[PDB]
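As provided, data06.cif (mmCIF, C-alpha atoms) reads as follows.
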```cif
data_model
loop_
_atom_site.label_atom_id
_atom_site.label_comp_id
_atom_site.auth_asym_id
_atom_site.auth_seq_id
_atom_site.Cartn_x
_atom_site.Cartn_y
_atom_site.Cartn_z
CA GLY A 151 114.93 22.48 275.64
CA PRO A 152 114.48 18.67 275.16
CA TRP A 153 116.10 18.56 271.67
CA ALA A 154 119.15 20.55 272.87
CA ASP A 155 121.75 17.80 273.47
CA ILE A 156 120.89 16.22 270.15
CA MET A 157 123.90 16.19 267.81
CA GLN A 158 124.99 14.12 264.87
CA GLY A 159 127.17 11.24 266.07
CA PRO A 160 130.49 10.60 264.32
CA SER A 161 129.20 7.41 262.73
CA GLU A 162 125.54 8.59 262.57
CA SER A 163 123.77 9.11 259.30
CA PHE A 164 122.25 12.55 258.60
CA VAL A 165 118.88 10.84 258.17
CA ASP A 166 119.07 9.14 261.59
CA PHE A 167 120.28 12.33 263.24
CA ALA A 168 117.43 14.29 261.50
CA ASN A 169 114.82 11.77 262.72
CA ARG A 170 115.93 11.97 266.33
CA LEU A 171 115.97 15.76 266.21
CA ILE A 172 112.51 16.16 264.50
CA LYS A 173 110.94 13.66 266.94
CA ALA A 174 112.35 15.54 269.93
CA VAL A 175 111.35 18.94 268.58
CA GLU A 176 107.84 17.82 267.66
CA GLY A 177 107.35 16.06 271.02
CA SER A 178 108.30 19.25 272.90
CA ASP A 179 106.09 22.07 274.13
CA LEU A 180 107.26 24.38 271.30
CA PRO A 181 104.44 26.02 269.38
CA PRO A 182 104.14 24.29 265.94
CA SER A 183 105.15 27.42 264.10
CA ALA A 184 108.53 27.33 265.94
CA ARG A 185 109.40 23.68 264.95
CA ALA A 186 110.75 24.11 261.46
CA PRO A 187 112.97 27.11 262.29
CA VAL A 188 114.30 25.34 265.43
CA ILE A 189 114.92 22.22 263.36
CA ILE A 190 116.83 24.03 260.63
CA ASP A 191 118.84 25.95 263.28
CA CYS A 192 119.84 22.63 264.87
CA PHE A 193 120.85 21.21 261.52
CA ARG A 194 123.13 24.22 261.20
CA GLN A 195 124.78 24.04 264.61
CA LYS A 196 124.54 20.35 265.65
CA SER A 197 125.46 18.39 262.52
CA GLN A 198 128.80 16.77 261.70
CA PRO A 199 131.35 19.53 260.74
CA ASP A 200 131.36 18.70 257.00
CA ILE A 201 127.53 18.81 257.03
CA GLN A 202 127.55 22.18 258.86
CA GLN A 203 129.81 23.46 256.09
CA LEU A 204 127.66 21.84 253.38
CA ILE A 205 124.63 23.55 254.96
CA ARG A 206 126.46 26.96 255.06
CA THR A 207 126.60 26.89 251.22
CA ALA A 208 122.84 26.23 250.73
CA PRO A 209 120.49 28.78 249.11
CA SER A 210 118.53 30.65 251.84
CA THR A 211 115.36 29.91 249.81
CA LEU A 212 115.50 26.42 251.42
CA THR A 213 113.33 26.99 254.49
CA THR A 214 111.79 23.63 255.23
CA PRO A 215 113.59 20.74 256.95
CA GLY A 216 112.71 18.42 254.02
CA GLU A 217 114.59 20.66 251.60
CA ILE A 218 117.71 20.83 253.82
CA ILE A 219 117.59 17.02 254.23
CA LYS A 220 117.26 16.61 250.47
CA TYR A 221 120.08 19.10 249.89
CA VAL A 222 122.46 17.21 252.19
CA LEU A 223 121.60 13.75 250.76
CA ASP A 224 122.03 14.89 247.14
CA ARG A 225 125.69 15.40 248.21
CA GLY B 151 102.54 32.09 270.51
CA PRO B 152 102.26 35.80 271.64
CA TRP B 153 104.40 37.13 268.69
CA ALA B 154 102.35 35.37 266.01
CA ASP B 155 100.12 38.37 265.00
CA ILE B 156 103.02 40.79 264.59
CA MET B 157 103.46 42.12 261.00
CA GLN B 158 105.24 45.06 259.44
CA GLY B 159 102.74 47.95 258.98
CA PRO B 160 102.46 49.76 255.64
CA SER B 161 104.07 52.87 257.09
CA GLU B 162 106.18 51.07 259.77
CA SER B 163 109.97 51.00 259.51
CA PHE B 164 111.63 47.56 259.44
CA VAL B 165 113.59 48.51 262.60
CA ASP B 166 110.37 49.39 264.52
CA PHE B 167 108.63 46.22 263.34
CA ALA B 168 111.77 44.13 264.26
CA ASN B 169 111.80 45.75 267.69
CA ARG B 170 108.18 44.86 268.51
CA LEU B 171 108.76 41.31 267.22
CA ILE B 172 111.96 40.84 269.30
CA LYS B 173 110.23 42.10 272.45
CA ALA B 174 107.26 39.74 271.98
CA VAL B 175 109.59 36.80 271.32
CA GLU B 176 111.87 37.56 274.32
CA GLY B 177 109.01 37.96 276.84
CA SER B 178 107.41 34.70 275.70
CA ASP B 179 108.08 31.28 277.09
CA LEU B 180 110.14 30.20 274.05
CA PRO B 181 113.44 28.58 275.03
CA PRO B 182 116.09 31.36 274.58
CA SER B 183 117.82 29.19 271.94
CA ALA B 184 114.62 29.19 269.82
CA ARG B 185 114.33 33.03 269.77
CA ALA B 186 116.78 33.92 267.02
CA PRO B 187 115.45 31.19 264.60
CA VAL B 188 111.87 32.20 265.30
CA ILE B 189 112.49 35.95 264.94
CA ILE B 190 114.23 35.48 261.57
CA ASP B 191 111.44 33.19 260.36
CA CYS B 192 108.97 35.97 261.30
CA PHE B 193 111.08 38.52 259.37
CA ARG B 194 110.73 36.23 256.34
CA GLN B 195 107.01 35.66 256.70
CA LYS B 196 105.62 38.85 258.23
CA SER B 197 107.67 41.74 256.79
CA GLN B 198 106.62 44.16 254.02
CA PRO B 199 106.85 42.32 250.66
CA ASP B 200 109.90 44.22 249.41
CA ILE B 201 111.66 43.52 252.74
CA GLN B 202 110.79 39.82 252.35
CA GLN B 203 112.42 39.83 248.91
CA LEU B 204 115.48 41.62 250.24
CA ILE B 205 115.76 38.93 252.90
CA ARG B 206 115.25 36.08 250.30
CA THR B 207 118.70 36.91 248.88
CA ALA B 208 120.58 37.41 252.18
CA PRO B 209 123.48 35.02 252.97
CA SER B 210 122.49 32.14 255.30
CA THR B 211 125.59 33.00 257.38
CA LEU B 212 123.51 35.96 258.69
CA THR B 213 121.82 34.13 261.51
CA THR B 214 121.25 36.75 264.19
CA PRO B 215 118.25 39.14 264.00
CA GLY B 216 120.78 41.99 264.35
CA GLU B 217 122.68 41.00 261.18
CA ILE B 218 119.49 40.72 259.19
CA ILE B 219 118.43 44.19 260.48
CA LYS B 220 121.83 45.62 259.36
CA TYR B 221 121.59 43.87 255.97
CA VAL B 222 118.10 45.36 255.36
CA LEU B 223 119.22 48.90 256.36
CA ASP B 224 122.45 48.58 254.33
CA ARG B 225 120.52 47.41 251.28
CA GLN B 226 117.99 50.26 251.38
CA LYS B 227 120.68 52.94 252.18
#
```
Let me see whether you can do it: turn the structure in this file into structure tokens.
Amino acid sequence: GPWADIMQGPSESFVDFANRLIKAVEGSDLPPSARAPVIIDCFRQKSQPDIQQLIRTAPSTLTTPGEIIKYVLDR
Amino acid sequence: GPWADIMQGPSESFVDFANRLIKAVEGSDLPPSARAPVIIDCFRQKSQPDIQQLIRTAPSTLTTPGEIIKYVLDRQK
């Protein structure tokens, strides 16, 4: 898919990474109901390694992208 | 998408529900890499309400449908 080579660059902020990813996911042919899960999955597997680890520790109640973004920024 | 009306019936096992969901998701035109995220999101949204609660407390390291299925079976056991 068109968001698939998107990964957080070594000097890229999590915000800027997130924006690129959300734009590419939303601009794709995915059904809308698939966007947020695809987005969160990409946060988990495509982020900088310390962010991937940060994300691993996050309550699984957090199921919107906004909440994961807020969770990462608060640390 | 074609999996969007699939919900766990009041006398349907979680395994049987999961199996219909997985089949609908696999035969769709979702990118393969979107299947696991979508299936798990459907488990969260469309399962029987006690299964949903069970899943609410599952570790977020359990990211394959298969692991969630095992976790639900292990927790009812």
Report task. To verify the selection step, state as a PyMOL selection string which residues the PyMOL selection byres ((chain B) within 12 of (chain A)) yields on this input. Result -> chain B and resi 151-154+175+178-195+202-214
Query - Chain and number of each residue from the PyMOL selection byres ((chain B and resi 157) around 6), as a VMD selection string - result: chain B and resid 156 158 196 to 197
For the selection just defined, write its residues with C-alpha atoms to a file, as a PDB file, keeping the file's coordinate frame.
```
ATOM      1  CA  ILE B 156     103.020  40.790 264.590  1.00  0.00           C
ATOM      2  CA  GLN B 158     105.240  45.060 259.440  1.00  0.00           C
ATOM      3  CA  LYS B 196     105.620  38.850 258.230  1.00  0.00           C
ATOM      4  CA  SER B 197     107.670  41.740 256.790  1.00  0.00           C
TER       5      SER B 197
END
```
Report task. Give me the result of the PyMOL selection byres ((chain A and resi 165) around 12) on this file, residue by residue, as JSON, numbers by chain. Result -> {"A": [158, 159, 161, 162, 163, 164, 166, 167, 168, 169, 170, 171, 172, 193, 197, 201, 215, 216, 218, 219, 220, 221, 222, 223]}
Could you work out an axis-aligned bounding box for all listed atoms of stretch 176-188 of chain A, with 3 Å added on each of the six sides, and give its centre and edge lengths in Å to one decimal, as lines of an AutoDock Vina configuration file?
```
center_x = 109.2
center_y = 21.7
center_z = 267.8
size_x = 16.2
size_y = 17.4
size_z = 18.7
```
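Nearest-residue note for residue A:157: choosing from A:198, A:173, A:217, A:178, the minimum distance belongs to A:198, counting all atoms listed in the file.
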